[PDB]
Amino acid sequence: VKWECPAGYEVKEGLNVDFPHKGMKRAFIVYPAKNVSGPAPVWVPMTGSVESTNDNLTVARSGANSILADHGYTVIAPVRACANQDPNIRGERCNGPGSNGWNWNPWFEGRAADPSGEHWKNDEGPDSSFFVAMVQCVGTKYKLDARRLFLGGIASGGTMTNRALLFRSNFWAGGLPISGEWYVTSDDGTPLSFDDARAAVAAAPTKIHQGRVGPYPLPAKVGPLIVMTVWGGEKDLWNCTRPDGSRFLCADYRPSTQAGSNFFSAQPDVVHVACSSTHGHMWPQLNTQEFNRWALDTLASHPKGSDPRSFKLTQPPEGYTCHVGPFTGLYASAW
């Protein structure tokens with residue numbers, strides 16, 4: 001990791017705006033770590049489709065992720081491109097289909113199902129690259145631990161976490177994709193409808209499934225990581241909203257958390273932790289801050305390049321069940 005900022009950019013505590021990246025002007029918020037001397041581990045939390053970045057950072061029901069700075073992490077939270085640098089924008093002009101080849105507008109987190117998405121089969125996209133540039137810039141002002149750079153998020157932010165881990169596995173030390181999509185496709189890359197993708201994993205729950213969230217094909221080998229995938233249970237589903245306001249089921253996170261857990265568990269230099277809860281499709285609701293502290297400290301226990309055999313999982317808070325490996329309680333076993 002090399003610490004550098006676009007020329008003349010002055011990083012600050014709090015809200016940073018007009019950060020130049022790939023022709024866009026981006027924003028992000030920094031909460032420097034408390035009670036830490038020397039390089040601090042980093043947490044890059046991402047909101048979803050309807051909660052604002054400020055909600056994700058300060059509202060308890062949304063995760064109050066800025067509180068991790070009181071836990072000794074330097075929190076660097078990106079604002080969604082669609083929010084036009086406003087960390088208070090919630091779903092306005094963000095909660096809906098993407099454009100320019102992207103599937104969903106909150107983050108550049110998956111290629112679209114039609115041919116305009118082709119280019120994103122092997123280009124990480126502007127959010128994945130912005131986050132690397134963002135963290136490299138903040139590191140010129142605050143001491144950051146280059147072996148403990150973690151990102152994570154909920155819903156579309158969880159999808160973005162998956163995409164970033166697949167394309168920047170030699171940068172991040174790991175991540176926390178909570179109820180993120182995988183956008184499962186056929187082995188040849190063919191996009192599948194929500195129904196067909198759901199059925200494909202149900203028919204082969206233990207296999208590695210390709211998906212629009214990542215490169216096509218998925219990488220044969222990724223850099224050293226620790227990944228903690230969280231499924232919110234039976235009600236972890238998302239209903240999209242038509243222009244006329246009606247709602248309809250468009251995402252089921254059981255197959256996507258399973259798929260991501262199968263890919264990351266198979267990787268030799270990745271420790272994958274599969275966590276299940278029962279709160280649905282929103283930031284973990286039961287013992288929220290206990291969960292945030294447990295999850296980030298679990299990721300920080302495996303600094304980048306650590307031996308997976310040395311990892312030791314500790315018990316999560318009440319309301320969560322976790323283990324190393326792929327999910328096992330989501331689909332019936334072959335045997």
Side-chain angles (χ1 to χ4, degrees), residues 1-2 39-46 68 73-76 78 107 109-110 122 124-125 127-132 134-136 139 144-154 157-182 208-211 213-215 217-231 256-275 292 294-314 316 322-327:
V1 176
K2 187 159 111 163
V42 167
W43 171 223
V44 175
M46 293 175 287
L68 280 149
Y73 292 74
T74 285
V75 180
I76 306 174
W107 304 101
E109 41 83 312
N122 282 284
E124 67 184 322
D127 266 335
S128 178
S129 58
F130 159 47
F131 303 154
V132 172
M134 172 186 75
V135 171
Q136 285 174 155
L144 307 185
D145 179 346
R147 296 186 68 204
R148 288 189 176 82
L149 305 176
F150 299 112
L151 86 175
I154 177 68
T159 311
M160 184 68 239
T161 297
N162 281 330
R163 184 169 188 94
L165 293 168
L166 292 165
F167 279 96
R168 283 285 187 158
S169 67
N170 296 305
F171 179 73
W172 303 106
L176 179 63
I178 306 178
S179 301
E181 256 288 9
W182 201 253
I208 290 166
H209 292 268
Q210 300 295 316
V213 70
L218 293 174
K221 197 171 184 177
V222 299
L225 299 168
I226 172 165
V227 181
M228 184 181 285
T229 301
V230 182
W231 176 60
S256 60
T257 58
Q258 182 74 61
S261 81
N262 293 352
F263 175 85
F264 289 117
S265 292
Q267 288 291 314
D269 296 335
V270 177
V271 169
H272 183 272
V273 178
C275 281
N292 291 356
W294 175 78
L296 262 297
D297 293 351
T298 291
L299 300 181
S301 77
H302 197 70
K304 197 174 185 64
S306 281
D307 187 342
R309 295 177 310 130
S310 69
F311 178 77
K312 296 192 167 299
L313 190 64
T314 64
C322 307
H323 63 268
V324 173
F327 281 95

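Values reported hereafter were calculated over all heavy atoms of this structure, with side chains retained and with hydrogens, waters and symmetry mates removed. For this chain, numbers begin at 1 and follow the sequence in order.
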Sequence neighbours left out, cut at 3.5 Å: what donor-acceptor pairs do the side chains of residues 264-273 make with other protein atoms?
residue : atom : partner : partner atom : Å
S265    : OG   : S261    : O            : 2.8
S265    : OG   : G325    : O            : 3.3
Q267    : OE1  : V222    : N            : 3.0
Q267    : NE2  : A220    : O            : 3.1
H272    : ND1  : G325    : O            : 2.9
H272    : NE2  : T229    : OG1          : 2.7

_Ignoring hydrogens, what is the shortest heavy-atom contact between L149 and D145? Give both atom names and the distance._
CD2-O, 3.3 Å
*Are the side chain of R148 and the backbone of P303 linked by a donor-acceptor contact shorter than 3.5 Å?*
no
*Is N262 close to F327 at the side-chain level, that is, under 4.5 Å between some pair of heavy atoms?*
no
*Answer whether the closest heavy-atom distance between the side chains of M46 and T161 falls below 4.5 Å.*
yes
*Look only at the side chain of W43 and the backbone of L296, and say whether a donor-acceptor pair between them is shorter than 3.5 Å.*
no
*Give the minimum heavy-atom separation between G305 and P224, together with the two atoms involved.*
N-CB, 3.7 Å
*Are any of the side-chain heavy atoms of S301 and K312 separated by less than 4.5 Å?*
no
*Within-4.5 Å side-chain heavy-atom neighbours: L218 and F263*: yes
*Side chains of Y73 and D297: is there a donor and an acceptor less than 3.5 Å apart?*
yes
_The test is side chain to side chain contact (heavy atoms under 4.5 Å, CB included); show your working for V1 and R147 and say whether it passes._
CA-CA 9 Å; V1 176; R147 296 186 68 204; over 6 Å; no
_Nearest atoms (heavy-atom pairs only) where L165 meets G175_ = CD2-N, 3.9 Å
*Backbone N or O of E181 within a donor-acceptor pair of the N162 side chain at under 3.5 Å?*
yes
*asked:* Would the distance check show the side chain of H323 and the main-chain N or O of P326 forming a donor-acceptor pair, the cut-off being under 3.5 Å?
replied: yes
_Full working for side chain to side chain contact (heavy atoms under 4.5 Å, CB included) between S169 and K221_ = CA-CA 9 Å; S169 67; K221 197 171 184 177; over 6 Å; no
*Looking only at non-hydrogen atoms, find the nearest pair between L166 and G214 and report the distance.*
CD1-CA, 3.8 Å
*Sort out for me which residue in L68, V75, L176 forms a side-chain contact (heavy atoms from CB on, under 4.5 Å) with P45.*
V75
_Between the side chains of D307 and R309, is the shortest nitrogen-to-carboxylate-oxygen separation below 4.0 Å, so that they form an ion pair?_
yes
_For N122 against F167, the heavy-atom pair lying closest together_ = C-CE2, 4.0 Å
*Got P39 and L144 here, is their nearest side-chain heavy-atom distance under 4.5 Å?*
no
*Rounded to the nearest 0.5 Å, how far apart are OG1 of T298 and CE of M228?*
4.5 Å
_Check: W172 main-chain N/O paired with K304 side-chain donor or acceptor under 3.5 Å_ = yes
_Is the shortest side-chain heavy-atom distance between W107 and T159 below 4.5 Å?_
no
_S128: partners by side-chain hydrogen bond (donor to acceptor under 3.5 Å, both in side chains), with sequence neighbours left out_ = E124
*May I ask you to check whether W294 and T314 show a side-chain donor-acceptor distance below 3.5 Å?*
yes
_Validation row: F171, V135 side chains within 4.5 angstrom (heavy atoms)_ = yes
*Gap separating the CD1 atom of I154 from the OG atom of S179, nearest 0.5 angstrom*: 4.5 Å
*Considering only heavy atoms from C-beta outward, does the side chain of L151 approach that of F131 to under 4.5 Å?*
yes
